[PDB]
Amino acid sequence: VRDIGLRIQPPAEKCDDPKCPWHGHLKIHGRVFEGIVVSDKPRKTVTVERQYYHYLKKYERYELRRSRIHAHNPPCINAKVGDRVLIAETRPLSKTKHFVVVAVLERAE
Amino acid sequence: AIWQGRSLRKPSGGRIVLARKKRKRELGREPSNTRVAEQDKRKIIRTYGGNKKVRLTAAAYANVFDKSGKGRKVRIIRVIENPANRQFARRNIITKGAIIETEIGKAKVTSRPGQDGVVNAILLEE
Amino acid sequence: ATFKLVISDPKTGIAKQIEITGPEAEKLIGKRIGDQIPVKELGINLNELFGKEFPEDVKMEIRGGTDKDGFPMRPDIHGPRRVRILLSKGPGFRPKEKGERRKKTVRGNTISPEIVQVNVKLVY
RNA sequence: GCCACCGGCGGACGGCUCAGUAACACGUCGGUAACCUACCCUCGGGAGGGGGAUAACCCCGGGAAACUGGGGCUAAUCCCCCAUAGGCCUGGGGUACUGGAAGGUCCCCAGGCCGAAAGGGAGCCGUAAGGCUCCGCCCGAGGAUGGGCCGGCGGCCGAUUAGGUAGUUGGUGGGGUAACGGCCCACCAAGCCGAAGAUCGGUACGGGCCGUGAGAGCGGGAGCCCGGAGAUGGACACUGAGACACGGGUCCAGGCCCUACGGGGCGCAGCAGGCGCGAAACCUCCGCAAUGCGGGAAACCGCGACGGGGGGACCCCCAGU
Ligand SMILES: [Mg+2]
Ligand SMILES: [Mg+2]
Ligand SMILES: [Mg+2]
Ligand SMILES: [Mg+2]
Ligand SMILES: [Mg+2]
Ligand SMILES: [Mg+2]
Ligand SMILES: [Zn+2]
C-alpha cells in the first residue's frame, strides 16, 4: 500500500486525473487541517469549514470563530455535504483553491 | 503591454485600487502562432536573467514517433481538429493537442512549439 | 542657390573647398546621394588646388551635407524634407552611452535650395 | 613623468519625504517537488583555427547656440564565423541517489533544434630554449548573498449605506511567463461572498516602540532601526545579473527659460541659500584623519554618506552669583 507522508490509509479505488495526490502527479506539503463540508455545487471542488475560539483579553472571555476554504475533490473520494475530511496544502490550483482533500472520515452522520 | 500581475476584483465582487505601478518583471509577450509553410522560421529571445528561448514561427517537419522508440523526420500536410481553439484547424495553427497529418499517417503533437522550437508527435492509432 | 563643395581626394587624403553659384547651382539641385556627376560639365573649377595630375574623365558623387541651420542629411529619408526622428546610431547622432536613444532633427536625401554644404569625393 | 580617447567594472546601493494604499501593505509561523541570481567559496574539465571595421591622430568644414557632416590611417582582455565540449524538447527501456513523498538526479538506445572561451597582461632567472609565481578567460555540479511567488492566523469607524458579482466562481484543452495561477484565450456549466456586516462611503503608511495611570485600561505612531511606496500629474520602451531608472530616453497635460525668430532647453520630497504660505523651524562653512562603500594586482583616489565646527530658553545631568 502506497503512502505519501501522512501515515494514513489509501482510498479503495483508482482515479483518472493527474491532480490527485494518491494516483497522480501532485505533491502535498504544508499544513494539515480537518473540518466538515458545507457545499459541493461546482465540479471537483468543495468548501470546508472549521471552528476555533478567540480569547479576548480586556473582558477575559472567549468567542466563536470560523474559517471557510476551498479544496480540490479527486474523483476517487468524492465527498458530499456533511462529513469530516482531512485536507493538505500544495501549490495554487486555481484562483482560490490551494488545498486538496486526502481522506474522508464519517461519511453519513 | 500584456501585464500578467494580479487581478482587480476580489472573490467576493468588490473592486481593488492598485497601490503601486507595473513592474517590468511581470509582463507578457505575444502568442507565437505556428503556421504550416515550406520553410521553418524561428527567432531567439533574451529572457529574465540572461537566458534564452527558441521560438518557432513556421513549421516544416514533424519528428514523428512510435511505440518502439523509432522516430522519423517527415513533413506535415495540414492540421485537423485542434481542440484548443475552435478556428485553428482551419488556419493551420499548431498548438499542443493538434492532430497532425504527416505523410505516414496521423499523429498527435506532444511538445510546445512556441517554447522549444520543435514539433514532436506520436503516431496516433486509428 | 550657392553651395560650398568639399572636394576630397581619396588617393591622398587631402581636401579643398570652393564656392559655386549661378549656373553651377542648378545642375545638381535635384541630385540624390551617390550620383556620380562628371566634373568637366558642371565644374568651372579647374585641375588645381591639388597638384595638377588628374585625368580628363574624372567624376564625383554626392555623399552628405548639412543644412541652412546646421542639421545633417540622413541618407535614408528620401525626399527633400526635414523631419525629427528617434535615432540610435548613424549620421545624425553621436551616442556616448550604451543602449541609449535620442530624438534628433535631420534632413532628407535630395538636395534642395536650403542645403549650404555639400560633401563629395573623386572617383577616377 | 603628465594628458584625453577606445575598452572593463560601478552608477539599480547610499541620501530624502509620507502623497497614494483598509490591501497578503505589515507582524508571526510555514511552503516552492512551481522560480531567477554579476561580485564571492569548493570540486571536475577546456583555451584548437580564421576574419573585420572604427574612435584617438591628419586634411576640409556646417551652425548664433544645443550640436553635428565628408575623406585618409591604426590596435586590443573590442566585434564576427568554423569545429568540438555543452544547453533544451519528445519517444522507449533499466533501478544507482536524496527525501516524509519523485512531473527531479544518474545509466543505455533513437529523432531534432540551440551552440563557449583572452594562454591575455606584469615581474624574475638563463646566451638562448624554456621555467618560477602574481592577476586573469570559458563550461558543469553544489553553496552562499539578494530577491519573485504562495498559504494558516492577528490588528479602525459608519445601517439616516442591504443585497453585491457576470472573467464574476468552477471544469476541460491551450498560450504566455524565470515561474504556479482566469494571469489571458476557445468551448461546458451556474457557481461565488453576505445581519458572525458582504458591497459602498470615511479617515489612515504598517510594526519594534512612545505619553499617561496603583493596576485593569485609554491616547499617539514625524526624528532612531526594520518592511512598503513615490520623484510636477498620466501613459510607454532601450541597455543590463538586476530598472520600466530622483541628478538616463520618448509622448500628452500644466508651468518657466535662452534665442541672430529658423530653433533649443529645465523641474532640489539630496546639502547650504531664495520666494510663497503660515501662530509656527538654522551656515550659500572646514575635511577625506576616523567608520564604511565603488574602482584598482597594490600604494592609493572620490564621496554635502559619515566626520568637525556656526546659529537656536530642543530634551536630560553637574555647578556658580
Ligand atoms: Mg535609488
Ligand atoms: Mg474604502
Ligand atoms: Mg571618419
Ligand atoms: Mg489549466
Ligand atoms: Mg494619506
Ligand atoms: Mg520653533
Ligand atoms: Zn486517487
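Residues numbered from 1 in each chain as written, not as in the entry; some residues may be left out. Chains lettered and ligands numbered in written order. Part of a larger assembly, values for the part shown. Heavy atoms only, no water.

A. Focus on the side chain of A:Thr90. Residue and element names in this part refer to chain A. Turning to its location among the elements, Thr90 is positioned in the loop between β4 (84-89) and β5 (99-105). At 2.6 Å, the side chain of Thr90 forms a polar contact with the backbone oxygen of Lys27. Those residues in contact with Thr90 that sit more than four places away from it in its chain are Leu26, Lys27, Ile28, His29, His98 and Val100. (Helix = DSSP H or I, 4+ residues; strand = E, 2+ residues; numbered from the N terminus. Polar contact = N/O pair within 3.5 Å; in protein donor to acceptor, adjacent residues only side chain to side chain. Contact = heavy atoms within 4.5 Å.)

B. Representation of the protein's contact with RNA strand D in the model. Close to RNA strand D lie 123 residues, the nearest being A:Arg65, B:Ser12, B:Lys21, B:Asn63 and B:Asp116. Counting only atoms of RNA strand D within 4 Å of the protein, the fraction found in sugar and phosphate groups is 73%. At 2.9 Å from a phosphate oxygen of RNA strand D is found a side-chain nitrogen or oxygen belonging to B:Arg55. When residues of the surface near RNA strand D are assigned to their parent elements, the largest contribution, 6 residues, is made by strand β3 (residues 62-72) of chain A. (Near = heavy atom within 4 Å.)

C. How the structure looks around the pattern of salt bridges. Residues and elements named next belong to chain A. Within this structure, the stated rule accounts for 7 salt bridges over all chains. Salt-bridge contacts for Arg84 lead to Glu106; the nearest nitrogen and oxygen are separated by 3.6 Å. Residue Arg84 is located in strand β4, and its partner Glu106 is located in the segment after β5; the two are separated by 22 residues in the primary sequence. (Salt bridge = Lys/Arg side-chain N within 4 Å of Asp/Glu carboxyl O.)

D. Looking closely at the sheet that holds strand β7 (residues 64-65) of chain B. All names here are of chain B. Ordered by their spatial adjacency, 5 strands build an open sheet running β7-β11-β10-β9-β8, and the pairing between neighbours is mixed. The two strands at the open ends of the sheet, each matched to only one other strand, are β7 and β8 (76-80). The pairing of strand β10 (residues 107-109) with strand β11 (residues 121-122) spans 2 bridges and is antiparallel. Counterpart to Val109 in the pairing with β11 is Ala121. (Pairing = 2+ DSSP bridges.)

E. Region of the structure containing the environment of B:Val17. In this fold, B:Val17 is placed in the loop between β1 (2-3) and β2 (27-28). The class for B:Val17 is exposed, based on a relative accessible area of 73%. (Buried < 20%, exposed > 50% of the residue type's maximum accessible area, 1.4 Å probe, protein only.)

F. Structural detail: a nonpolar patch on the surface. Residues and elements named next belong to chain A. There is a patch of nonpolar side chains on the surface, built from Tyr53, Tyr55, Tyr62 and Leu64 and spanning about 520 Å² of accessible area. If you list the elements that add at least two residues to the nonpolar patch, you get β2 (45-55) and β3. With respect to the helices, strands and loops of the structure, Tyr55 is situated in strand β2. By relative accessible area, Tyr55 is classed as partly exposed at 40%. (Patch = residues over 30% accessible without salt bridge, like charges linked within 9 Å, V, L, I, M, F, W, Y side chains within 5 Å. Areas by Shrake-Rupley, 256 points an atom, 1.4 Å probe, with all protein chains shown as cover.)

G. Geometry of the sheet that holds β4(A). Residue and element names in this part refer to chain A. The mixed closed barrel is built from 5 strands, whose spatial order is β1-β2-β3-β5-β4. Across the sheet, the axes of successive neighbouring strands diverge by a mean angle of 50°, strand direction being ignored. Relative to β2, strand β1 (residues 32-39) is paired through 3 bridges, and the arrangement is antiparallel. Each residue of the ladder has a partner; that of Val37, found in β2, is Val48. (Axes fitted to C-alpha atoms, helices over the stretch in contact; angles between N-to-C directions.)

Don't take any of this as a statement about function, it's just geometry.
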